[PDB]
Structure formats: structure tokens, C-alpha cells
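Working notes for the structure below.
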Amino acid sequence: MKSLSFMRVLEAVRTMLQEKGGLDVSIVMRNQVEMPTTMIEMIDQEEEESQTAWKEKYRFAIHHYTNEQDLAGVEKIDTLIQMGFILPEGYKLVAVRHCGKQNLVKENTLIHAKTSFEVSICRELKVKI
Amino acid sequence: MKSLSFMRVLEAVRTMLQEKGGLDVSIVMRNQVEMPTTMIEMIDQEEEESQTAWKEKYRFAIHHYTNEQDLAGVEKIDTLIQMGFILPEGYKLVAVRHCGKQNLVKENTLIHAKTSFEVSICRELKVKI
Amino acid sequence: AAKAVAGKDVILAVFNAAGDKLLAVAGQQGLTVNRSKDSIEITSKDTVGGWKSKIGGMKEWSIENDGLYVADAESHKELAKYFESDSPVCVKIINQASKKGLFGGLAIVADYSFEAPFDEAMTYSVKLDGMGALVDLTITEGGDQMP
Amino acid sequence: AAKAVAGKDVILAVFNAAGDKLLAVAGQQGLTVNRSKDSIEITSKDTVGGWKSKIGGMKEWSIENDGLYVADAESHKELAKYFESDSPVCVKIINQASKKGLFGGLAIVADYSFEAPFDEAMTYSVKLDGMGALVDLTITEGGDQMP
Amino acid sequence: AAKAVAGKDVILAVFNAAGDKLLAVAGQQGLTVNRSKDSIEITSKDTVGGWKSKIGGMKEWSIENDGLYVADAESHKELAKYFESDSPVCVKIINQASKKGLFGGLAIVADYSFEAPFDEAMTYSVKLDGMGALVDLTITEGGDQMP
Amino acid sequence: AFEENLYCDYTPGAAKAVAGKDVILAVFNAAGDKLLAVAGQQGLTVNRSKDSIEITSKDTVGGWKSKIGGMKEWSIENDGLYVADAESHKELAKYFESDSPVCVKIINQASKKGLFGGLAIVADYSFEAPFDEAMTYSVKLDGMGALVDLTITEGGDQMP
Amino acid sequence: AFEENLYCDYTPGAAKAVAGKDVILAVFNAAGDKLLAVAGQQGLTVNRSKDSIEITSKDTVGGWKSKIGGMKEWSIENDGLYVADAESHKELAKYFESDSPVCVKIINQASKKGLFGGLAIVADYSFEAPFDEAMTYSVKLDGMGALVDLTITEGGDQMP
Amino acid sequence: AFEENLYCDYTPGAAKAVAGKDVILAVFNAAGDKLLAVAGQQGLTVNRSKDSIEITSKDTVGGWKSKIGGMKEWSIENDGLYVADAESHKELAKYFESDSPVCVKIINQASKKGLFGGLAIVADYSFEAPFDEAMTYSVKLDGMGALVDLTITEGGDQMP
Amino acid sequence: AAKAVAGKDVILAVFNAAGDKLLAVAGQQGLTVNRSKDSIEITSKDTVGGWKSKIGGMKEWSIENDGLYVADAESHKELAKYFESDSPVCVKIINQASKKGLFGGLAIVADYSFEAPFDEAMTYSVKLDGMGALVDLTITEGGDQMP
Amino acid sequence: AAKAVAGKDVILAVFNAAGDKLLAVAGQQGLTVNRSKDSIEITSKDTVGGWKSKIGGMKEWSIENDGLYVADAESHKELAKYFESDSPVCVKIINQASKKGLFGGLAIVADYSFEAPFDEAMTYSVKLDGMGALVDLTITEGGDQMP
Amino acid sequence: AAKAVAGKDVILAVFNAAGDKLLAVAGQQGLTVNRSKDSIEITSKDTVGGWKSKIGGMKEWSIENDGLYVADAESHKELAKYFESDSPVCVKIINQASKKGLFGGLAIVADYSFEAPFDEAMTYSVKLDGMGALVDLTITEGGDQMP
Amino acid sequence: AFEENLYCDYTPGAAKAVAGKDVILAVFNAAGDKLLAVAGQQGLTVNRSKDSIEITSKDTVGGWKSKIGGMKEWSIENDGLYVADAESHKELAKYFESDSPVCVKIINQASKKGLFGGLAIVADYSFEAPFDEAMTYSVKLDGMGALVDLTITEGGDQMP
């Protein structure tokens, strides 16, 4: 079964977020922004090592910008992402773990919280016939 | 059990610091600063290996800026951080240890002491039923 | 089909002394089931060919299980009684995801040992030697008492 | 020529009880075939030289196959039946790429064991002990039934 | 419950010569308690089936404890006397955090060896072979003298 | 079981072997209506011997020693795991104390064919109690009369 | 111990074995009121033999040798660890020097059932003291008459 | 050695064993005033037997054979390392060539108790010298008369 | 001189059935030649000194080879024929760089086994046991047939 | 106290032939002291319980010492003389930091080997097997000569 | 002193058939000189104490040498002849840096094997078993012929 | 060898062992002027036995048989490596064929002390040649009279 591109993962996570949290989340990543929002950045994608199944690790990021320190929003996004989401048929979401940089900085006139996630997706089992 | 977000760790440690040492310490990171203060810089959060328990390592930093050499104050901050803090139910601190950069510089017209901590938090033990 | 069975869903269960409860061994982290058969030799060289002839012999089975040790749980205080009382124990292998029984049989606690490393959690190991038939519940009807 | 044969293209196949269907054991992940011959000592000290004299003895063979374990596949529902009934099993090696058989023979299931790590899938291991001649199908015409 | 016991809380204690002081063996860094039983073979082939029959055998136990070695410690001046005098030693296993004993018994110091690396501290190893019953203190009332 | 038996030959033409777990000893009860299988059997030996009388005559060409076959006798040896409660063991003791000739049979319990039936006397009934093993028994039966071979004679297939 | 005993059969229908750690030799004291278990017992053997008288008559059809049951004798071998001050070991020596018959019994502690009782003489009381081992003893008893089998008779179940 | 002996039981009620390293054969010197322990002692075997006389009368009910006890005898076999200059080995030879009886005593050097004393003669004084080992000796002593046991009789506790 | 011989330049070759073609074993990846001699002990301790005396016994030799497996290779189609017929086989070791033979002799195919991973190419292993003398061609004149 | 002893402070020394000088073996990098005791089995099954009875047997000890090898050192010129001349060596283990002796005894040089790796320095290994008592100096007064 | 001897300075040398030349075997990369002495057990338990008495037994020695193998090197053309002819060979261990001999002996080529991986150079291994005394040239005068 | 012999006891007070490599067998040549050590020696066994006559009379209290020692005999068994051209072997064969008594001696070549001298007959002179070993020889000598013990008698120390 062909490897799933990061674009499908992005669509799936956007749909899960908007459906279960009512969150308007954009996928396109920007550099210089304004006004509070929530944005998803795909970092990278690689192959994990397991001699049982074809498995891939997708690392993405969630940028939450807001003029106020919003604890509830970041905690809710944490809960929703760590809960898991639906994938296109033929893929299994195995593990969602934190990895990479976790940051809470203030830029210009608003606070920027960066939360990086690493999700494991299995596509097929490594067995002959 | 779902992993803690870094922001929860920041809130717990900030509350512990303020309540036990009477220190006004902010979580939001600021780059160009003036007047003495104390700030907490979240570095990252990763998943450490121990094949009995789900344990995660949170690396953060404490920036202490003072117009004059503040010695016992950073001593007290370090000592309080090393004694441990209260985390929400279901999570246990395992060890608090120094890691990363430990730095003491003079910038602009004030001294900047950076003390980086790495804490281990066990969420639940790795066991089938 | 299933194409696989994830390992965190196969567990070892032990019948209590009365047999009314199937207690799942707490702290389980590993499980190995060994089933072997002897091979007898009948090579008599009045037979043409050139390959050494054999038949299948006698069958035996055993189970090894290791994991974290908890001293107060109900399951670990019963293995102690079984080991001390020299009594056969009823063991079962359960797929707690597919909810199907796999193998049940009478076994003898041959080894009940454990280690206490300084920088780790105190772990335990158990070996059960088979006394008689190990029933393959994957081919036989019944055997689904879950707990 | 081909200059190689990829390892994911040679598989173990088992004949069902009636022999009508060649079932490929599901979850195949590894395979090794051992074929050995004994050596006799004809070392008699009336011969010039200084080297030890030997001849060829008896031949035997064995097969070890391990992989992921699924208990619902018909292939694994037959291996249990053969194991419990002590009946000889018909085994074949198929190069499912070149569509040619490799080695067929009668074997006895000497071992049927499997492991359940908590962070992996439940894996199974099978040892088949040689019962009689192992017909080399690469040197003998025929033996190409595909399933 | 606790769901686990931290390994840095299980310690080994030795009764002094008069039995008045339970000395915690100084320098403890590891601990292993092995409890084994034999298996008798009762295969009588007038019995239908096809699986090998066994009964409970004979039980014994042993302990190995290793760590850093300090010669002037009181506990290390008691183990030496027991080893040199061929006298039984009373050993106990303590969960010093939960203030509960686990196993006590009489043992003989079968091995007392220690090794001194060039770039590391001097370490020691001890093996105690069981003389008789290893009394379990978790299913028996009493046995909680801490020191 | 196919490919025209190109490598797997299940054709029945012989057994080529008889597993020793398929041969058992059976003893007739005192009334003779029940064949008891000696419980705990683990070993079996059948001895059948004939002497040789020498008739070397010093007027025969050659240089070899001439003989004929002597008298024939037979005996059975058995040993195995012993329990004192089994009925078959409750019959061997009775025969031993009563000096009663006992009818014994050798049964291929797999092929359902008898092998040898005959009348014997219990010459030895001994047993051991090793401390790290299971207490086991040994029996010797001395043949009184012919050992009727059931592999050449017809009948004798009572399995119990 | 449940699921209708689908795989775990706990039904007691026999013993199928008697572990050798359960068969002990017991000796009656001089007064006959105390049964002492010989201390340090580690091995036991009971021999029961019968002679075979041949009656082969040269006028019998057949071709097999004729034999009957002769006379019966029995003996006991015991071996184990020897401690000199044990009461049982201080009694066997007395019987050995006095040439008195001694009453012996075979006891299964687990079944609490007597097996074989009789009168015997210590024909041999020897022991060895290997330097790297424990000093062990061996006793040989010969019986002057009936070895009463307590597995077929009623009574004789005193434990000590 | 405490906690009310909850798990550690030292309470002396027996020895439960006698290490073979504590049992040593010793002989009296020619003057009979010095008890010398044979150097290099590594093995010991004390054999004691009594003959059995058959009284089988063909008019006795039952079915077993009648026996009584005959005459008694004893012997000692001791082997070990041999050194030529030891007094014990310089005394054994004196007994050997002179054919004089020697007083022998078997002593438990741990319990400080004697076991058996007697008068014996060296019927076999042999020794072996394997090239890749230390040269080893063996001694056989046959007794003339009673082997007086010191476990039932009072006295005989001289150590040396 | 050469100061070394590259390991990819030394190969194992086999004579065909009639012996008219020297075929290099297709798929060669490794090679080991073992030549051993027995040792007899003659320590009669009438000799002064203090060192244990020894003399020479008998000489044996063997070859281990392994590599990738190609079923259609005629050399691989000849090793099977030699293994099946229990016939002695003539083997030679060729330095294809200097075009010089090294070792030739008669051997028996003691082991012809091969194993196939899932993520690699199917590999083969051959063991040849010496049937008598192994003549070294580096000391003796001749033995340079290349193919 | 100390709570530890650095491994660079436990050092092995031997006595010269006259015994007037204690020489530390130059070049040592490691040290291992083994002290073992045998265990007899005395199970007399007239006893209640279910555990196996044991007493202690004989005691013997051994020393492993390895390090860098320098030939001209006088101490290594003494071990060689002992190994050749089959004379016992008086060996002592001392703590050069606390200036305390630990263990003294007679030993035989059972193994005296050394290594000469291409990219390293020549390293030596020594095995000492003691004939009898290894008197420990940590429980008895005396044995404190350092040199 | 030197406090060390480099391992690239210790070499193995062989006397040729005539004995007029000392050959430095080409391609040397490792040396091992094993010297052992047996131990005879003199446990007679009429001796007070509690330790096992032993004496020195018999002495033996052996040499292991591995490295790169160039067949045309005339040094290797003597090892082959000695191996084939079962003739004892004179061997000397030489320090080419200090210009001092270390150990001379009469040895027998007990093992001569070599390996040819395709991704490396052909390496050879040689075992020499000692036929009697190994003269230690470090204590004895003389023995300084380098070549 | 010092610190007041605190742990190392170098004081020689005995031997406590004699390795078999120090005990050899030597024979006298025909002229009787050279003591030759048997070449290739690897084993030695000296047997010294004494007969025992029974004097048991049926009017003696007790129960033990009365015994008195009879005659004494000695023998030697040697074996080891055989080389044909050795002088000692070229002397043994001459004695074997000539039926001449040979003077034999047992020598402790380390302590330089004689042990046993006597006159013997070469009763057996056999040798084996296993194909995978060295050809070994075995010799048996039976003594014609007294074997003089040299550990109790002064003299007899000719070393060669």
C-alpha cells in the first residue's frame, strides 16, 4: 500500500479539529502574521524501524497565536490531538507523542505557543505473502 | 494516560516558585528585555526510554536578569526547582536534573543568568493490564 | 481477516484456588509459550534411499512470563500459594482484544524468581512446566471465560 | 541469468489434510532449510600420507520458519491439527516469483511455539524435522503447483 | 495498590552474630532472588493422549547481591565472619519504603567475590545458597523488623 | 497429500516400525473374565530361548562342531510405575501369594492384534522407592508351557 | 479449576504415581509399642523371589520346558544418611548385636496405608564416610517367612 | 538469629547429618599408649555382616522360606594420601610384617565421641602411584572377634 | 612481492561430474579453509624438566563457503547432484588475480543449507569435509587450470 | 566512613624469594578475587516441608590480575621465576590509600599469559590459585607492610 | 625503565629447515602466548582449617598468531612444509625495539587456517602447540638473533 | 615469605603429599652393578596382601568369627610408554625369557629414599599399539619371598 503523503494527514487533522472543537484552523504556513489564530505546520516525515509492519512517523507543528494567554485553548488542542483522529481507509493511527520543540514565546504584540506532535501511522504489515 | 503539555508544567512550576519563594516569575518569553526580572523559557519535551513506565522529559530554562550580581537569589531558584513541585493527579515527577546550557553573561547594561533544567515525569507504567 | 494480533492483547490468566475467578496476572510484560515434540529414530538400512528416517515422539509444553512485580495484588499472592502448596495450577491464554481463549491447561510453577535492580523497577519472572495436555482453544469449541 | 532471488519471493507451503489445497502459511517472515550429511571414519593406519580418511554417511534435513501469527488463517488451523494428531505433513518451498517449486517432502512438526511481546505483534515459530527424502525440485522435473 | 515497587527500595538485611541487630548490607546495588522446583517424569504409556506427564519436584532457592564494597562497614565485617566460620546466616528482604518484609531464611555464603577496576570503584558480589525453607513474609503474618 | 505423490508417499504397504508405546502386557483375572492392562507399564522384555545339544562325531569330514536344537523355554520381564491400589496390581500379588499359574498376553493396542499368550509363574515381584524419584515395580514371569505366538496363529484379539 | 474442567481435569480417579519421598521403613522397638522411622532414609528396595522347579518329562507333546512354583523368600535393602544418636539407629544396632528378629513395616505417609510387614534379621549393617560427602549407612534385612502384604489385607495402618 | 525464630530455626534437636570430614580412623601404637590418626585419610568403609542359616522344613504352613541368623563378621577399608615418614604409616608397617593384631578405633573428631573399637589385622596394605596425581594408599583390616560399638556402650572417648 | 592478496580475488571452484569443466560457485561471498592437526600427549614422568610433552597426530581439512544463491546456476546444479549421490567431489581454490591455484582435493558435501530473509536476498552455505589429503598448490608445482 | 574505595588504590603485591621485599606487580590494570565454598545436598525426605537441605562444603580462592606488561621490571622478573620453578608465592592485596592490607596467602601461578595486539601495548594476564587459607586482614590485626 | 612495550614491536620468528635463518612471519597482526600449569588437589580432611589444599601440577604452553596472508612470502613457504611434514619447528618471540629475545621453544603447527572475505584481505591464523619446554629468554642470558 | 609468616606458612613440618611423578621402579641388571629406571614409566601399583585363617570354635561366647592371619604375598603392576631400544626394556625381556629372578626396587627420586626392594618374577610382559596413540607396555611382577620395606629399615638408597 503506497505511503501516505503529509497532505492527507493535514486534511485529516484539520477535519478532526474543526469537527470536535469548532476550531477554524489553517494549513498554509506563514511567517509574519497578525491577529489571534491557529495554524498547522508540517515539519517532516520519515520511516520508523519495526520488523513487523510498514510504519511511518509524521512530525507536524501547531502554532496558536493570541493576544492573551489562553491556557484552555492550548490544553484543548493538546487533548484533541492526543486523542487521535480518523484516517483514509487502509491506514492505522498507532501512537501520538510529543517531540521536538515545545515553546511559549511572545512576539510583536501577541503570544505565540508552538506545540509539536509526532504521530505514527501503519500502512501494511511486513510479511511475505 | 495522555501526556502533559509543556504549558501545564510551566504553570505548575510557576505556581510552586511563587508560592514557596515569593517570586514573580512569568512564563511568556521575551527577547529584548529591560529592568530586572525572572522568566521561564520552555525548550522542548521528548519521550525518554525506560521499558517499565511511560516517562517524558521536559527541558526548560530560567532566565534571571539583574542590574547587579544577584547570587543567593539564583541559588534559591535552583534549590527550589531541584526539590520538586506539585503536578496534577496521575503524574509523578521522577527526577529533576540540570541539562543543556548553564550560562552567566553580561548584556546591554545588566547581568543575565540562564539556568536550564530537565525534569522527568512518569504518566503511567508500561504494562499490559 | 486480522493479519496480525498485537502483543499487548495476549495475556496470561490463572484460576484461583476455588476456581471461581480467572485472575489476570498483574504486571505482565512478556509471554512465551513453548510446545515441543520428540523425534524418534528408526533408521534401518534395509530401506532404499539415503535419508535418515524419523517419526514424531512425545509432546511437552511450558510457559514463561515476566514483567513488573506487584506484591499486594490478588494474582501474585495466589502464585505464591500454588508454588508453596505444590499444587497444579490452571492457566489460560486470553486474547483480550478478540475476546477468544487460546490455550488452557494444568501447569506446575517450576520457577518463581525476580530481580531488584537499583535504577529500575523490581521485576519478576515465572516459569510453568506443562503437566499433560495443552488444549488448543483456537481449534476446539468453547473456552471463553474472560476475566 | 537472474543473479539473485529476493528472499521475499520464496515461501513455505503446507498441504491440507486431503491434499487438495496448498496453503501458504500466513505471516511468513523468515525461513531456513538445513540439509546435512554425516561423516564416517575410515582412518586406518596402513596408509601413507598423514591425513585423516573420511566417507559420507546419512543425510537428513529440517526447516525453520517464523513470522507473524494469526490464529484464524486456515494455514495455522491446519498446523495445529497436524501437531496434535502426530500425522506426517507435506511441505513444499515455492519461489512465487519464478513460479517454480524448490523442495518438497514429508516432515514432522517438532515444535510449534510463539511469543507475545507487549510492544510488538505476537510472533510464531515452527520447526519441521525431516521425514525421509527431501526431493530437490530444482534438479528434478515437475513440482510446480502454485497455491 | 501501588501498581509497582521502585527497585531502589528492595534491600537485603543480615542478622548479626547474636541476632540483635539487622544490618542492611552496605553498598547494595543489585539483588536477585531465585526460587526453583524440580520436575519428575511419570510418563506411563498405557494412558491415552499424547502429552508428557510431570509432577512437582524438589524446591530450593538462592540469592545474589552485588554492589560497591566498603571494608570498614559493620555489615561487611559480619559476612566475612559467617563465610569463614561455615555458619548459617539469617537473611531477610526488606521493602524499606513500605516497611514490609518479603522473604527470610537461613543461607550459606556460597560465594564472596569482588573485583577492582582501574578507572572505577571497588565492587563486590555475594551469593547465598538456601539452607531449607525460604519463608515468604507477604502471605504470612509478622516479620517486619526494619533496621 | 498430492502432486501425484511426487515427494510425499503415504501409501500403506508396511509399518516399518512399531512404537514401543503401542505394546502392552495384559493379565487375566482369577475368574478369567477380565483382561487387566498392568497400570504404569514402562518396560517390556520377552525372552525365548532354545538349548543346543552337541553330537560331534570324531569320524565326520570337515572340522566343525555339529549340534541340534535343545529344549525351548520363555519368560517375560516387566517394570514400570507402581500404585498399590490398581486392580491389575491387586491381581499380581494374589497370584504371587497363591502360587497360581497366571495367563498373560502381549497386546499391540494400536493394531488391535495379539502377539503372545501363555501360562506363567510369577518368579519375581520386586519394587523400589527412590527418594528423588517415583516408586517403581519390577516383575519377572517364568514361562510354564508353550508361548503361543498369536502372530502366526489365528485369533487372540481381546483388547481389554 | 473450572470451565467445567474443559482443559483442567481436577477429577481424582487414581494416583497414577506414588512419589518415592512417601514410602518409608518403620521398625518396632524392643517393647513393640513404638514404631520408629529410620532416620536419614534415602533409598529403599524390596525383593521378593520365588524358586522354579522344573518337571520336564520326556514324554510330553509340545516342545517347551515345564516348570512349577517353588519356595518364596524376601529381603529389604535400605540406605540413607547416618546420625549416631538417633533413637532408630540406636535400636538397629541392638538387634544386630543380640541376633534378635526385628519387626519391620513399609509405610506410605501420604496414603496413611500400610504396605508390607514382617520379621527380619539385619544381615548387613555397613556404612561409609567419604571425606567430601556426608557419612551414609546401608542396612540389609533378610526375612524368615511370610512378608504379609498389607495392600490386600485388612488392618496394619499404624503411622509412627 | 531472632524475630522469635519466625523464619530462621537453629534450635538443636539433632544433627541431621554428619560430615565425612569429621570421621577418622585411628590406631593404637605398639605400647598401646598413643592413639595415632592415620594421615591422609580420604575414604572409609566399615562393613558388618551376619550369616543366615536356612531351616526350611517341608512341613510348615504358609508358603515362605524360614531363616535364622548365623555368625557375625566385620572389616574396615580406608584409603587416602600416603606419606612415608608419618608415625601412623611408620606403625602400620610394623604391624604388617610382624603379623601382630592392631587396636583400631573409629572416632568422630567433631562430637568428640568414639564409635567402634576392635582388634584387626592388616590383610591388605597396598598403594598406587599414578604419574599425574599424588601417590595413594589403601588398607584393608579384618577383625578377630567382636567389633564393640561405642554408641551403645559407655566409654571409649580418648581422642588423639 | 604483493604484501597482500585482496579477498575478492580468491574463489572456490568445483569439478563437474566428468571433470571436464572447472566451474566457479556462482554467488560466492565468503570462504574459510580449515586445516588442523591432532596432538598426542607423551608425558612419561621419568623425564626431568617440568613441561608437558606432545607429538603430532593426524591432519584434517574442511571448507566453509557462503554467499548469494541462484537456483539455475550449473555449479549450484552440480553441488546438488554431488550432495544427493554421496559421491566424492573435486574442489579447488583459485586466486583469479595471479591466476595461481592454491588447494585442490577430494571432499564430501557435509552440509548444503540455505536461508532466506524477508528483507534480503536468499543466501546459501556449503560445508565440505576433507576426504583425505589436501595438496597445497603453493608448494607443489602445477595446478593452474583457470575456469 | 568512606562509603566507597577507589579501584586505583587496591593493588596486588608478591614476596620475593627471600621474602624480604614486597614488590607490587608493575603494570596492573585489573584485579579479581574469587572466594568460593561448596554445598553438599543432604535431603532426607523423612522431613516435613518441601525444600532442599544443604550444608557448606570446602572453601577455595583464586586471583585474576591483568595489565600492561613490561619485561625489565623486577617484579615481573619474580613471577616468571616462580612460574618456572614451581615454588609457592606469597601474595598480598593492599589498599595503598588507607595503608591497610586486605588478604594474604600462598598461591601457585596457574596461568601466565600475555597479549601483543598490533595497535596496542603488550598486555599480560596472571592467574593465582591458592593452596589453602586466604587469611583476610580486614578482621584480624596485622599485615600492614605497604612497599 | 620503559613503563610499556608497544605491541607493534613484538614479533614471531621461525627457524627454517636448515636453521640458518630466523624468519619474521609476514603479515603479523596478533600474538598470544598462553602458558598454563595444572593444579593437583590434595584435600585430605584430617587437616584443620576449612580451605581446599592444592599443589602445582604440570606445565604447558601454546602460541596463537593471526595476520595478513601473502602466500608467496618465503616465510609462509616454511610454515606449510613444517605443517605437511609433521616436523617440529623452532619458534622465537622477538622484541625488535629492545633487540632482545623473549621466548624460544620447539612447537608443532597444530592449526593453520585462513579466511577470505570478499570485502577485506585474506587473513591467516596459526596455532602452535608446545612440545616441551618454553625457554624464557627474559631471565636467561643469550638468545638475541634478530633476522 | 615474611611478615612473621602471618598468612604464609613456609615452615616444612611434613610433606602432606607425594606426587606420583617422584615414585619410580628400578631394576638390577644381569651383572647386578647398575640400577636402571624403567623408561617410559607412567603408572605403578604395589599390592601387599595377607591371608586370613579362620579359627572359629563353636564354644566361644560372642557371635563373631575368630580369625588369624596367614601368609603374605606382594606383587607389582607397572605400565607406560614403550621404546624398544631402551636399556631397561632390553634387560626385562632377557629376564622374562631366562626365568631369572629380577631384583626390583621402588625409589622416591625426589626425597632420595628407597622404599621397597625384593626379588620378583616377570609373570606378564604385554604391550598394546592403539592406532591413534603411542605403543604402550604393561609389566606384572610376582614376588618370590619377602618384600623388604626400606621405610622401616636403614639403607637401600642406590639412586640410579
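Every chain in the C-alpha cells has a letter given in the order shown (A, B, ...), and although residue numbers restart at 1 in each chain, ligands are simply numbered from 1 in the order shown.
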
Set out as CSV a contact list for chain B and chain A with a cut-off of 6 Å, giving each residue of chain B that qualifies its closest atom pair and distance in Å to one decimal, counting only C-alpha atoms, ordered by chain and rising residue number.
residue,atom,partner,partner_atom,distance
B:28,CA,A:105,CA,5.3
B:29,CA,A:105,CA,4.4
B:30,CA,A:106,CA,5.8
B:42,CA,A:103,CA,5.3
B:44,CA,A:101,CA,4.3
B:45,CA,A:99,CA,6.0
B:46,CA,A:99,CA,4.7

Residue subset to file, keeping C-alpha atoms, as a compact mmCIF listing (two decimals), in the first residue's frame:
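Output file again-v3.txt is given in full below:
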# COMPACT_ATOMS: atom_id res chain seq x y z
CA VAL B 28 5.91 34.30 28.43
CA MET B 29 9.34 34.56 26.84
CA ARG B 30 10.59 37.99 25.76
CA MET B 42 10.38 26.26 27.63
CA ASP B 44 11.29 21.16 24.43
CA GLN B 45 9.58 17.95 25.51
CA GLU B 46 10.50 14.45 24.35

Discussion item. As JSON, numbers by chain, could you give me every residue of chain F near chain J (at most 12 Å apart, counting only C-alpha atoms)?
Written reply: {"F": [129, 130, 131, 132, 133]}

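Between atom CA of residue B:73 and atom CA of residue B:56 lies a distance of 29.0 Å.
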
Item to complete: Could you list, as a ChimeraX atom specification, the residues of chain C having an atom within 6 Å of chain D when counting only C-alpha atoms?
Response: /C:4-8,29-37,51-54

Practice prompt. Would you please give, as a PyMOL selection string, all residues of stretch 37-116 of chain E that DSSP assigns to alpha helix (DSSP H) based on the backbone?
Written response: chain E and resi 74-85

Worksheet item: What residues in chain L lie within 12 Å of chain G, counting only C-alpha atoms, written as a ChimeraX atom specification?
Response: /L:62-64

Worksheet entry | Long-range neighbours of residue J:104 as a ChimeraX atom specification, 12 Å cut-off, only C-alpha atoms, 2 positions minimum in chain | /J:12-15,22,33,61-63,89-94,100-102,106-107,130-138,140,142-145 /L:1-3,5-9

Worksheet item: Got a sec to tell me which of chain E DSSP assigns to strand (DSSP E or B), as a PyMOL selection string?
Response: chain E and resi 6+10-15+22-24+28-41+51+54-68+89-95+100-115+121+123-130+135-136

Practice prompt. Show me which bits of chain B are within 12 Å of chain D, counting only C-alpha atoms, as a list in words.
Written response: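 Contact residues on the first chain: residues 51, 52, 126, 127, 128 and 129 of chain B.
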
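Atom CA of residue L:20 sits 26.4 Å away from atom CA of residue L:33.
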
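Note that atom CA of residue B:15 and atom CA of residue B:70 are 22.0 Å apart.
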